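A note on names: the letters A, B, ... follow the listed sequences, proteins ahead of strands, and every chain is numbered from 1. Atoms within each ligand, like the ligands themselves, are counted from 1 in listed order.
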Amino acid sequence: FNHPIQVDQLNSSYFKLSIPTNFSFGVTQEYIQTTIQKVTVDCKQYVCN
Amino acid sequence: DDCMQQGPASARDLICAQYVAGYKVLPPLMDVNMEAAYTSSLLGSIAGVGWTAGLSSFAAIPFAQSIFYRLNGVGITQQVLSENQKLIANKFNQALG
Amino acid sequence: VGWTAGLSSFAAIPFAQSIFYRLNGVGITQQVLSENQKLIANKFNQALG
Amino acid sequence: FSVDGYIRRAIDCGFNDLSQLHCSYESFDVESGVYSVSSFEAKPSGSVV
Amino acid sequence: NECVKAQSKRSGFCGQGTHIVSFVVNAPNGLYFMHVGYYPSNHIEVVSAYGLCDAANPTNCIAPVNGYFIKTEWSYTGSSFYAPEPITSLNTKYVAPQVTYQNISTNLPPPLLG
Amino acid sequence: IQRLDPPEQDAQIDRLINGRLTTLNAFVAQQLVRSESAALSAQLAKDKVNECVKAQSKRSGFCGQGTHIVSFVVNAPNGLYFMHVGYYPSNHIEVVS
Amino acid sequence: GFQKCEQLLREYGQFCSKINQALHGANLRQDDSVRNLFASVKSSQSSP
Ligand SMILES: *[C@@H]1O[C@H](CO)[C@@H](O[C@@H]2O[C@H](CO)[C@@H](O[C@@H]3O[C@H](CO)[C@@H](O)[C@H](O[C@H]4O[C@H](CO)[C@@H](O)[C@H](O)[C@@H]4O)[C@@H]3O)[C@H](O)[C@H]2NC(C)=O)[C@H](O)[C@H]1NC(C)=O
Ligand SMILES: *[C@@H]1O[C@H](CO)[C@@H](O)[C@H](O)[C@H]1NC(C)=O
Ligand SMILES: *[C@@H]1O[C@H](CO)[C@@H](O)[C@H](O)[C@H]1NC(C)=O
């Protein structure tokens, strides 16, 4: 199990902020199907040849 | 082994039927402790994740403090939330209780 | 298209200019974006490259 | 078949592709569209033994 | 409509991280999305305030806008990137006073200098 | 096999085969349907964690009923169990605005 | 386990191969579904 960064709470009127000091860009790739191949069948031929 | 040593728990035992009928139930991708680890760490993130702009920073603020911001953001004024903090906590506790 | 209120108008602004507004809108201040414009473009280019 | 049972109109289902379409829907009235019908069969022009 | 024609604020809907821009090209049986996200790194822990009040004028209080008030006395940082800058009227809003706001009596930021 | 010879034996076995092949096809078809259904549903859970648990939602009726304040998630036997805490108004009065 | 039945079962083509492959694919889909879901519930940062 990959543990998240642990950030403790303060027993005060303040809070602990975990804030980035660096960054990168990344690309999440996603494929969304929209169609399927359209097929028809010559049923009579398929069955009885 | 359990289905050989003890046998079927009852009539129509679909677990012992596995080794008779010829089918097998497979275990899940994650065990119980790992699944619990995910929802546990999720719980600990609620107060400090839902708070401000961006998904990149974390504000480790008290749960109670988060709730009062959640309530203020839906139309309950701060004067009301301040006066009724114990009433709000009690009503919340009743809802979960 | 992604820039302001309404879906009816179109602001033909540079792509780069749009990105800096997209970044400002998620919590990166304008002083940072101004200082790091070339760094940002480079990191973006690495992500797509 | 008319109400009085006589046959006044008919389709020869094997005459052409449009006739095949009407027969597959059992109707003289079919919708507009592009429909697959039976393939044009190749026939033997001889035999080998 | 959500990721390509707009910047999304929905976590995890487009890509991972914070969504910036998406592109679409055709794929063999559909569409291929390329979601460019902002991914933070090297997080540090700092001490922050919920807001700041003028100690001499307790009803005059400010809160950060899309960022945080951090110690360094107080400065502002954008929420997604640590880069302390002066607290100004452009990065704050006036708010009702709260028991969790700090009482500032010395080097007050401009919004509190009544 | 014990009772019949091949010309009749085949016919009787063939009845059992066709029956069992039908059963297995039906089983597989339902597992594929149930699997697809669950997969879609897993996406929905993903959206609710991101929308209701990690954030306060402004979408009426998406999380729970009433005005969403906070949600919690625990594991359930075949999925996730969401507990959406909402704000429910009562004793409305009419005022002039 | 009856050899006589298996002989007749072969006349139905690769029936069992299709059953096994279909269920295998469905079972992989379930693992991908879980892996994907939990990857998203997972927090980057959290308090103890
Ligand atoms: C920055 O300055 C502010 C302003 O002085 C300061 O916040 C105030 O703190 C006092 C406590 O020191 C709050 O006063 C009371 O605190 C007790 C805590 O137990 C409450 O129970 C009291 O509530 C009752 O009395 C109220 C009327 O006075 C009723 O309205 C209420 O229903 C209860 O009967 C009361 O809250 C004071 O309210 C806050 N001020 C505000 C605006 O909230 C703050 O602490 C200073 N910052 C720091 C870091 O010290
Ligand atoms: C410290 O935590 C305890 C609870 O463990 C609480 O009663 C006490 O008031 C806290 N101290 C401060 C300064 O908040
Ligand atoms: C940011 O991280 C990259 C690696 O991803 C590193 O090369 C770069 O030097 C880092 N910048 C800072 C300021 O740490």
Side-chain angles (χ1 to χ4, degrees), chain A residues 5 8-16 18-27, chain B residues 47 56-57 60-65 67-69 71-72 76-91, chain C residues 23 28-29 31-33 35-49, chain E residues 16-18 36-64 68-71 73-74 77-78 80-84 92-109 111-112 114, chain G residues 44 47-48:
Chain A
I5 297 168
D8 286 300
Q9 294 182 2
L10 297 174
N11 206 28
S12 72
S13 63
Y14 297 95
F15 65 93
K16 280 166 76 75
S18 179
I19 185 167
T21 64
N22 195 1
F23 66 92
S24 66
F25 289 99
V27 181
Chain B
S56 63
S57 66
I61 62 170
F63 179 83
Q65 191 64 40
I67 293 297
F68 291 119
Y69 281 111
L71 292 167
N72 187 225
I76 302 165
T77 62
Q78 292 178 21
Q79 186 63 41
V80 173
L81 295 173
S82 180
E83 291 174 5
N84 290 320
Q85 289 190 341
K86 298 300 184 182
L87 182 61
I88 292 165
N90 286 338
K91 288 180 177 180
Chain C
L23 291 167
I28 302 165
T29 62
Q31 186 63 41
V32 173
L33 295 173
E35 291 174 5
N36 291 320
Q37 289 190 341
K38 298 300 184 182
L39 182 61
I40 292 165
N42 286 338
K43 288 180 177 180
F44 188 93
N45 290 340
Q46 290 171 346
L48 291 177
Chain E
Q16 300 300 306
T18 298
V36 181
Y38 175 91
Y39 295 85
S41 67
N42 299 339
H43 292 79
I44 62 170
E45 293 179 336
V46 300
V47 177
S48 300
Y50 291 95
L52 305 171
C53 298
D54 182 356
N57 296 282
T59 61
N60 187 13
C61 300
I62 57 171
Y68 303 94
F69 290 150
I70 57 169
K71 296 186 82 167
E73 183 181 3
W74 291 99
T77 187
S80 292
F81 189 79
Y82 184 75
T92 66
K93 62 182 180 181
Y94 290 100
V95 297
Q98 296 184 13
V99 74
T100 59
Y101 291 171
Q102 303 299 317
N103 305 162
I104 308 305
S105 63
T106 57
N107 294 322
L108 274 70
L112 297 176
Chain G
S44 63
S47 293

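For ligand 1, the atoms sitting less than 4.0 Å from at least one non-hydrogen atom of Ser13(A) are 49 (C), numbered in the order shown with element in parentheses. Every atom of ligand 1 with a heavy atom of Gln102(E) under 4.0 Å away is listed here by number and element: 49 (C). Within the listing of ligand 3, atoms 14 (O) sit less than 4.0 angstrom from a heavy atom of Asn42(E).
By heavy-atom distance, the residue among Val99(E), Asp54(E), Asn84(B) lying nearest atom 43 (O) of ligand 1 is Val99(E).
For atom 3 (C) of ligand 1, the nearest protein heavy atom lies closer than 4.0 Å. Remark: atom 46 (C) of ligand 1 lies closer than 4.0 Å to at least one protein heavy atom. There is no protein heavy atom closer than 4.0 angstrom to atom 5 (O) of ligand 2. Within a 4.0 Å radius of atom 19 (O) of ligand 1, the protein has no heavy atom. Within a 4.0 Å radius of atom 33 (C) of ligand 1, the protein contributes no heavy atom. Taking a distance limit of 4.0 Å, we find that atom 7 (O) of ligand 1 is approached by some protein heavy atom. Using a 4.0 Å threshold on non-hydrogen atoms, atom 14 (O) of ligand 3 counts as touching the protein.
Aromatic ring centroids of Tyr50(E) and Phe15(A) lie under 6.0 Å apart. Taking the ring centroids of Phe23(A) and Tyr39(E), they lie at or beyond the 6.0 Å cut-off.
Under the 4.5 Å side-chain criterion, counting only non-hydrogen atoms from C-beta, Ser56(B) is in contact with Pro20(A). With contacts defined as side-chain heavy-atom distances shorter than 4.5 Å, the pair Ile19(A)/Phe81(E) does not qualify.
Between the side chains of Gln78(B) and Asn72(B), at least one donor-acceptor pair of N or O atoms lies under 3.5 Å. Side-chain atoms of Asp54(E) and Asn57(E) form a donor-acceptor pair, as typed in the model, at a separation below 3.5 Å. When only modelled atom types and interatomic distance are considered, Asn22(A) and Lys43(C) share a side-chain donor-acceptor pair under 3.5 Å. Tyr38(E) and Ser24(A) share no donor-acceptor pair across their side chains, judged by distance under 3.5 Å alone.
The protein atom (non-hydrogen) at minimum distance from atom 1 (C) of ligand 2 is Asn11(A) ND2, 1.5 Å. Atom 29 (C) of ligand 1 has its closest protein heavy atom at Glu83(B) CG, 4.8 Å. The closest protein non-hydrogen atom to atom 49 (C) of ligand 1 is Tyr101(E) O, 3.4 Å. Looking only at heavy atoms of the protein, atom 8 (C) of ligand 3 is closest to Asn22(A) ND2, 3.9 Å. For atom 5 (O) of ligand 1, the nearest protein heavy atom (residue, atom name, distance) is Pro58(E) CB, 4.8 Å. Of all protein heavy atoms, the one closest to atom 42 (C) of ligand 1 is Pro97(E) O, 3.5 Å. Atom 50 (O) of ligand 1 has as its closest protein heavy atom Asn103(E) OD1, 3.8 Å.
Atoms CD1 and CG, from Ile62(E) and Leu108(E) in turn, are 8.5 Å apart once rounded to the nearest 0.5 Å. Note that NE2 of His43(E) is 6.0 Å distant from OG of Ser44(G), once rounded to the nearest 0.5 Å.
In this structure a side-chain-to-backbone donor-acceptor pair under 3.5 Å is present from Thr21(A) to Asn42(E).
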